[PDB]
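These are the residues of each chain, in order.
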Amino acid sequence: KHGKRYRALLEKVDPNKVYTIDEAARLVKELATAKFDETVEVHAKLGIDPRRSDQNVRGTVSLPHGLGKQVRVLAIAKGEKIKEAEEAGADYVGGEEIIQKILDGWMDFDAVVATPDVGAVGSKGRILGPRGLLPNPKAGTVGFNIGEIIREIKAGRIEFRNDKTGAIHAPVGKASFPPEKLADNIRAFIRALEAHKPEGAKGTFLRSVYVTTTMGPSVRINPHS
Amino acid sequence: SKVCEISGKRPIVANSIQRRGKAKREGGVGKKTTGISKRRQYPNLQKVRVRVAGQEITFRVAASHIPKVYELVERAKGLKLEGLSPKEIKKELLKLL
Amino acid sequence: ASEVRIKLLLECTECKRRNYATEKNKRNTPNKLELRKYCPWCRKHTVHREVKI
Amino acid sequence: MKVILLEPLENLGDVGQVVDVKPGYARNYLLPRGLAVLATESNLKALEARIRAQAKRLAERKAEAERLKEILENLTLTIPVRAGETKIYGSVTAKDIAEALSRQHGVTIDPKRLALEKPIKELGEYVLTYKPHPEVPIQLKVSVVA
RNA sequence: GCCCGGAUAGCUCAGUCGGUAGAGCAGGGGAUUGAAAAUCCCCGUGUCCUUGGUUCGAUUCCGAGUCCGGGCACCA
RNA sequence: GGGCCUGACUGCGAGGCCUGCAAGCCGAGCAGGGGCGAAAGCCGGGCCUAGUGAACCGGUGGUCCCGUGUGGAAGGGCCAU
RNA sequence: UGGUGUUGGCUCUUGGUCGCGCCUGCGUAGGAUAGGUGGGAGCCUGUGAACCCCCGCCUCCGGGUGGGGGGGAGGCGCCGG
RNA sequence: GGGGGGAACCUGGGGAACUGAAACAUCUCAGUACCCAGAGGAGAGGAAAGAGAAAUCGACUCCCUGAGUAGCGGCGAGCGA
Ligand SMILES: [Zn+2]
């Protein structure tokens, strides 16, 4: 009922047994059987209500050990910021006319950031927005130190946000990472999330912590272990 | 009802206390007592029929001490109690207490 | 003194200690009263917010 | 109330086993009928060294169930009573059957082990289960006459 | 005081688990009828109480508030 | 009528009025910190005389005073209400 | 009068608690039914193909859903839309 | 061996109201009067699963003090270690 390259992935995993922060990080790479560097994922289920207009978990933390993902920052800024925006990571600046440069279809960017002056970014936003790309300083991606913001963007800065299903979602890295490479990746994933709890919550902030890969099976792991 | 044949749990003379009002613990101004009346708490006696010495014996014993009775009956097996009558049987079992 | 002219409190939004009690006709002024009042705690005048009595 | 299963039971288990049921079932059904015993230190001491005895008398239940099993499977029980063309003027229970094998057939069975859910009020042949030992179905055909 | 209920067509009330505000009552008109009638045909009209937030959109979902209704108490 | 402002203040209070008590009343002035006005000055609610209710019980906000061997906490006190 | 004790066995059925297992989600557009969030440039079948037939669910009727057979490596994927 | 009697005195089971609250229900009268049971020349109590704060004492009983004290109380009357 799955791909035989993936059914093997299904076979070499233990569903109900709970692993450690490091144990699936061994399994996470051995489950990396896709025909490219799969993405390691910690789909840690949150214990929070998104329907509540108070539990808005959306933040960032720069994972060390890299991510293995490709991040191109469509930074937006003006007043000498185009220089430091083009530098420090962003490849698409700028810094005022990239808006009209949006077709839309000029989606050759992997990330977008903007200084708080823009400003003229949110309106033009409506198609740049709903695909998770509107510049927002909620979690990292906006600030007058936009290039510096992008400096850590290259440095494994994964953003996390609750969804309608009460879940939070962010990869710790590609499926090419060693477990102690992910050990700081995983525990950085748990540590930042725990720091971003919407304070006031029924019981735990996290239901579970599963770890799968791109076309890879899930894994039962014990968080903070 | 009369005393418990094992525990001797007698009826006690308790004071039914018709209280009122919200409690201070729940912010209430206080539990105003509307009236106090004497009553009696009666033990939960029962009748317990037991075949001992080929004899069926009934004890007005409290609900708690029901199994205590069967303790007594089992203990009576190390006794030579036949063919006594249920009066003497009940007396002797009382003696095992 | 009525349901339309309710009571109310005035808290110093600096000390956050309710330093003033008073009234208002919510009809007349249905908005939170706010006045530079002397906070005894602050030991200085301060905008005191209409905190509900 | 932990009780020592002295015999196999359809919903309790078997001899040697010690289950904990509510006091009504054991102490009102089991203790009187000796199917179980409370879990005293006195019992638990003699629990072992009488397990051998308990299963000994159990095997006596089995072997007696056989030796009397074929003793009383191969015959027909007759019942002379006062009855009508479609009714009995009297009535019969397991006790009357015990008088049947006692006085009529001479063989000795137990009235209680004979299952008689309803005292019979009609005539004819019927088959009965005796079951002196658990899982020992001893069928028996009985006849009632006038 | 606490709890909860709804705020929708002139009314009653539907109401999306977010794509549309709707059923009938009332109104009017047409046919209708000797009157009464009923019927019938068709139109009637709404920030979906207000604020917001979310998600592409929210009547919906939601946070607040108000009204609103009831109950559940307590009253120095 | 308009301008600005919130003194419809905090801690107080000389002194008096009235008065069985309790209550009620007026108040300079002082300090803190402000409003107004250039300033002098005024502002501790309303031109005044009615719009009100002792204590207890309890609520709520603060205080950290007490906290039953100790530390907390329970709970109380005190201020506000 | 409801709880409880005295006060038990046997079943039958139903409402909750967590187990999981599954399926369910349809404005248009969009290939088709788009539940969202993340990762996704790849899947995958001789741990037998798209195909075609049969069996049941749903179906918002286009299909989805699963299973059995022949077939059994050709269909799908971001990208196109 | 018990029976039953014994002026008061004593425990133990039961247990009022009048009365005060200047009414009165909580409360007080009072666990008093009285009833029953038990004995006894006394009874009861009595040798810490205590007291209470000193790391202190060391069964019990009774007298004084503590002390009208701490407290309890329609925080009233009053009660009161
Ligand atoms: Zn202040």
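As summarised from the PDB record, the model derives from cryo-EM at a stated resolution of 3.5 Å.

Peer 1: Pulling in residues and values, what's your account of helix α1 (residues 23-33) of chain D?
Peer 2: Within α1(D), burial applies to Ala26(D), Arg27(D) and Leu30(D). When α1(D) is viewed along its axis, its buried side chains cluster within an angular range of 115 degrees and face the same direction. Relative to its buried face, α1(D) has exposed residues pointing more than 90 degrees away, namely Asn28(D), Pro32(D) and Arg33(D). Of the surrounding elements, those touching the buried residues of α1(D) are α1 (66-76) of chain B together with β1 (2-5) and β3 (36-38) of chain D. Looking one or two residues beyond α1(D), the residue adopting positive phi is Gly34(D), at roughly 60 degrees.

Peer 1: How would you sum up the protein's contact with RNA strand H? Please name residues and give values.
Peer 2: Residues and elements named next belong to chain B. With respect to spatial proximity, the complete set of residues near RNA strand H consists of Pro11, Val13, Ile36 and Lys38. Within the contact set of RNA strand H, a phosphate oxygen lies 3.4 Å away from a backbone nitrogen or oxygen of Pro11. Within the contact set of RNA strand H, a base oxygen lies 2.3 Å away from a side-chain nitrogen or oxygen of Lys38. Residue composition of the surface near RNA strand H, grouped by class: 3 nonpolar, no polar and 1 charged.

Peer 1: Help me get a handle on the layout of surface pockets, residues and values and all.
Peer 2: Quantified by volume, the largest pocket comes out at close to 970 Å³. Contributing to the lining of the largest pocket are 31 residues, with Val50(B), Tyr70(B), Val73(B), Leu31(D) and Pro32(D) lying nearest its centre. Elements with a contribution of two residues or more to the lining of the largest pocket: β3 (45-52) and α1 of chain B together with α1, β3 and α2 (41-47) of chain D. A total of 8 residues in the lining of the largest pocket trace back to one element, the largest contributor, which is α1(B). Of the residues that constitute the lining of the largest pocket, the class distribution is 17 nonpolar, 4 polar and 10 charged.

Peer 1: Describe the side chain of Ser208(A), with residues and values.
Peer 2: Tracing the chain through its elements places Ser208(A) in strand β7 (residues 206-212). Residue contacts for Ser208(A): discarding those within four places in its chain leaves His43(A), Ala44(A), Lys45(A) and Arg220(A).

Peer 1: Please give an account of the environment of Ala44(A) that cites residues and values.
Peer 2: Here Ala44(A) is to be found in strand β1 (residues 39-46). Look past the residues within four positions of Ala44(A) in its chain and what remains in contact with it is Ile168(A), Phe189(A), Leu206(A), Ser208(A) and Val209(A).

Peer 1: Tell me about the sheet that holds strand β6 (residues 173-174) of chain A, residues and numbers included.
Peer 2: Pairing is antiparallel in the open sheet, where 3 strands are placed in the order β6-β1-β7 (chain A). Each end of this open sheet is capped by a strand with a single partner; those strands are β6 and β7 of chain A.

Peer 1: Before we move on, could you go through the sheet that holds strand β2 (residues 18-20) of chain D and cite the residues and values that matter?
Peer 2: Residue and element names in this part refer to chain D. With antiparallel pairing, the 3 strands of this open sheet are ordered in space as β2-β1-β3. The open sheet terminates on both sides in strands that have one partner only, identified here as β2 and β3. Within the sheet, the average angular offset between the axes of one strand and its neighbour, ignoring direction, is 35 degrees. The pairing of β1 with β3 spans 3 bridges and is classified as antiparallel. The residue bridging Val3 from the neighbouring strand is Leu38, located in β3.

Peer 1: Account for the environment of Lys78(A), naming residues and giving values.
Peer 2: Residues and elements named next belong to chain A. Among the structural elements, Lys78 can be located in the loop between β3 (73-76) and α3 (81-86). Owing to a relative accessible area of 27%, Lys78 belongs among the partly exposed residues under this scheme. In this structure the C-alpha to C-alpha distance between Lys78 and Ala114, which are 36 residues apart in sequence, comes to 9.2 Å. Excluding residues within four positions of it along the chain, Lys78 makes contact with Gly95, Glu96, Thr115 and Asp117.

Analysis parameters
- Residues numbered from 1 in each chain as written, not as in the entry; some residues may be left out.
- Chains lettered and ligands numbered in written order.
- Part of a larger assembly, values for the part shown.
- Heavy atoms only, no water.
- Residues with missing side-chain atoms left out of burial classes, pairs and counts.
- Buried < 20%, exposed > 50% of the residue type's maximum accessible area, 1.4 Å probe, protein only.
- Helix = DSSP H or I, 4+ residues; strand = E, 2+ residues; numbered from the N terminus.
- Arc of directions from axis to C-beta.
- Contact = heavy atoms within 4.5 Å.
- Near = heavy atom within 4 Å.
- Polar contact = N/O pair within 3.5 Å; in protein donor to acceptor, adjacent residues only side chain to side chain.
- Nonpolar A, V, L, I, M, F, W, Y, C, P; charged D, E, K, R; others polar.
- 1 Å grid on protein atoms, 1.4 Å probe; cavity = no way out; pocket = protein on both sides within 12 Å on 5 of 7 lines; lining within 4 Å.
- Points joined across faces, edges and corners; volume = space filled by probe spheres on them.
- Pairing = 2+ DSSP bridges.
- Axes fitted to C-alpha atoms, helices over the stretch in contact; angles between N-to-C directions.

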